[PDB]
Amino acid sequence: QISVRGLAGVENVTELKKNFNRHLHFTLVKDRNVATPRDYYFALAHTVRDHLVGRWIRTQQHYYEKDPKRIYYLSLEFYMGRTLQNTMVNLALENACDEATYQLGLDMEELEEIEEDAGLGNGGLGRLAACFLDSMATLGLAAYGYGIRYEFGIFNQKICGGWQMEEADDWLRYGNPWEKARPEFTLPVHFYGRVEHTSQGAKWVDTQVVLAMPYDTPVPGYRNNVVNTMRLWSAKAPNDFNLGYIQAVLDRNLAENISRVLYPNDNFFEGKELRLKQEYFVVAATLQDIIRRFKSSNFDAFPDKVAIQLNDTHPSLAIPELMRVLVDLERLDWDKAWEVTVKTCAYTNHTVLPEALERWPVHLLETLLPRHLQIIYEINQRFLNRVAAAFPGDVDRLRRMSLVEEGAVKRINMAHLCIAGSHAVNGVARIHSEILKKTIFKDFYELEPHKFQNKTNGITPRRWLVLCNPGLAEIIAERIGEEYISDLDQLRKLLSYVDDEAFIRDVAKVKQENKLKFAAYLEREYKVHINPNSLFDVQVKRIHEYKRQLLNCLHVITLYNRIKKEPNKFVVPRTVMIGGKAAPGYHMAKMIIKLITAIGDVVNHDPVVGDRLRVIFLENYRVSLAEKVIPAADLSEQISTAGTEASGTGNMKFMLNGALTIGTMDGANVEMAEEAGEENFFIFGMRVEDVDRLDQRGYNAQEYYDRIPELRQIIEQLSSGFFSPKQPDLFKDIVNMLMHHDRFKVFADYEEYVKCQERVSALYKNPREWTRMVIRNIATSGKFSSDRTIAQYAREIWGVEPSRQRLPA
């Protein structure tokens, strides 16, 4: 039907139909009389999977023959979403499968909705890993993603009485057709035990063993016949484990719990033993696999053949594990091993909030990983000796830079370990990388300036344009061809269409159709009823104080109060949508969700408001929901306190899909405005420098309450029970925090935010000029392709050259 979706050849359609029927019969063991839509989904998934395997086998054979440098991307999170459509896109099979299924009497879009998300991450960090795998395959890199196969991913969110409830995400219940178990490559991982010193070095003995069984998932590049591998480890007990008899068998669950569940606490560190076990488990299995593959081609060449990228500090134990293997098992001297390790490892930092930093109690490492603690102490002493030689007499620097933190409980700072043991350290947007050098890692930058880099984040335009917004992809392809899908800088060519009346109309029509489709989805699956002519004002991301969903709430209540004050005045109609999950233990985040639904309960049923203002909490935000709502949005809310959002990536998804952005000069918002032009962005609020000046003087929220009558009215409404009639004090914790303990200065940006929102409403009244500004945003989004990001990692960190050349089919 549409061009970017590829050819529907007669031979291809015929072959797909026969393979579909073959899988239904032989694989699923059904016939058409008993088959449900889920059976049909599985028959299609197996049919598409078959087209991957030839390319998968020949890619891995190709890497064996050519022996390129291998890139290992270690992450505790891979937020993959659904696989069926992405695979069809990358293999150019979408139109052929659409035709084949149509001829069999099925609707393919309906079958696509049956697939579960692979929700093996929390948010930005996990989804970045997923975009990165797609770009690495698309750029022809010999790359492997390594992680954990969690039995339960991020919880499903239900809203009950306005409150978040969590339920287990049993994503494997019906099977996962994309993975292949590889029980033959199972590897042992050791825990506990003790260290013995022989004449022939240290030995780690009397350990408990857990097995790591790998499952491999294919990662297709875009139309290049490259298929890379994501290998996820699953925990298994050995067969003599604990080996009354019955209890010993039931206790195997204790070992296997390592891979049971994803920790859902993001940007807040909890020193839990089970989490530490997960981190070591992925590192120990992965490194054995790396070394095996290297030997099946002298460790001096190891850094020429291996790169290990640490996605935050979560896999930081790779550093002392690599040392352990090289020194204890391979018998290299320390200095040689350290050289190899540093040249192999590189570390990406994703946050600056101090409570998010991993600082493990020494006593936990002592008991679980006694040899690793010894190695970390040795690393620390040698490192501090270099610091002392460079900055003689600076004793406070020695205590600041130490890997060991002294105090009530001694802790290991894993960020300091990563910097010491990596040849490169990067932040994820220009402003974040600068902040790392000027503040939290200042001392390290002064010692080793050459280590510190920037790699601004990006998103894959396969999933985040072609897949989720085919209408937009098509009207763009009509004008400039298809090459932009793997070379996103070509969207700059669209600037020559900013005055083209046909293009203006088509861009606006695509948005309108996306909005109608989403408005329909809402009624169907959630009995909620919205005006599709309203401005769609959207803030979707995990719930955190720093992201300031509360600032958005203050604006919504302001709009509501202004309507009630002058009900017969015209205002631009809005549908304000907020969605995202809260970490189960984070009380304030749970109260914020409740506040949002409470505001909706009042606003959405006030007859004077009519359909001029609606407030909807989007339940169970996840990758498959992002693919639906982002194409429908008019306004993207990116309103974190300046200096707190390291980059953001949702921001980039909205820009690519034809929404304008209201935001602070934070994370990648700075670079987005620089690319598009500040005139084409809705920037407001304090810059980082203004936040610093306020902290020096002392933030006093009372001052804002005293001087801004509209703000005072909202606080009095919250305090008095206007949004919670039966429980008048329900939101007192929120009010108390805002008035006395607000680390993120919500009131300080309120006045500027409301004024900026008025400028948004004014532009939206002129459809033609709104759409021209949109075109200027889409046209300058190219820098934010993860293909650009990965090309920079490849050349500046990993020392490998990307390639757009096809492998042969």
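Numbers follow the displayed sequence, beginning with 1. Think of the rigid core as the biggest set of C-alphas that the two forms share within 1.5 Å after superposition.
Averaged over structures and residues, the CA distance from the shown form in 7 other deposited structures of this protein after a core fit is larger for 262-270, of the two stretches 722-730 and 262-270. According to the record, the deposited sequence contains 10 or more residues between residue 297 and residue 298 that were left without coordinates. Per the record, residue 243 and residue 244 are separated by 4 to 9 deposited residues that have no coordinates. When the mean C-alpha temperature factors of 379-387 and 146-154 are read from the deposited coordinates, 379-387 comes out higher. Across the two stretches, 301-309 and 719-727, the PDB entry reports the greater mean Cα temperature factor for 719-727. Each of 119, 532, 177, 188 has a CA temperature factor in the record; the biggest one is found at 532. When the C-alpha B-factors of 134, 358, 733, 637 are ranked from the entry, the top spot goes to 733. Sort the modelled residues of the chain by CA B factor and residue 784 lands in the lowest third.
In the deposited entry, the Cα temperature factor of residue 293 places it in the highest third of its chain's modelled residues. Compared with the other modelled residues of the chain, the Cα B-factor recorded for residue 610 ranks in the highest third. Residue-level temperature factors show residue 575 in the middle third of its chain, judged at the C-alpha atom. When all modelled residues of the chain are sorted by CA temperature factor, residue 674 is found within the middle third.
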